[PDB]
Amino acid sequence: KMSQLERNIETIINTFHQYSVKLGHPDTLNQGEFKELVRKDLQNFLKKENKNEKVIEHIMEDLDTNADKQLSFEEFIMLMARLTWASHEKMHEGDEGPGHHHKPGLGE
């Protein structure tokens, strides 16, 4: 019944939750939980960034809109929008046209 889009959003939600539940508040990602998510589920999209723990700490600080040292789902979803955008940009990197084609995206 669920559409492709709904199934993709559900994947984002499920992934968030499988880490948020571990420690502390069950609906927010603490630093350890976020770092685990990024390390495992964004191993390709954030491959270079994953090599530098302080980069990942800065990404989390950036996304932590209300400054509580936790990521809500609302805060987290911006990262997902940014990466989706970045992947699409990669697909068009150096595009000479005409018309439309994708190269490989992020992490490929």
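Under this definition, the rigid core comprises the largest set of C-alpha atoms superposing within 1.5 Å between the forms. All residue numbers are counted from 1 along the displayed sequence.
- Greater average departure of CA atoms from the shown form, over structures and residues in 6 other deposited structures of this protein after a core fit, characterises 24-32 among 49-57 and 24-32.
- Note on 34-42 and 75-83: with rigid core alignment, C-alpha atoms in 6 other deposited structures of this protein sit farther from this form for 75-83.
- Stretches 33-41 and 47-55 differ in mean C-alpha B factor, with the higher average recorded for 47-55.
- Between 90-98 and 8-16, it is 90-98 that carries the larger average Cα temperature factor according to the deposited entry.
- Split the chain's modelled residues into thirds by C-alpha temperature factor. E75 is in the lowest one.
- When the CA B factors of the chain's modelled residues are split into thirds, the value for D64 lands in the lowest one.
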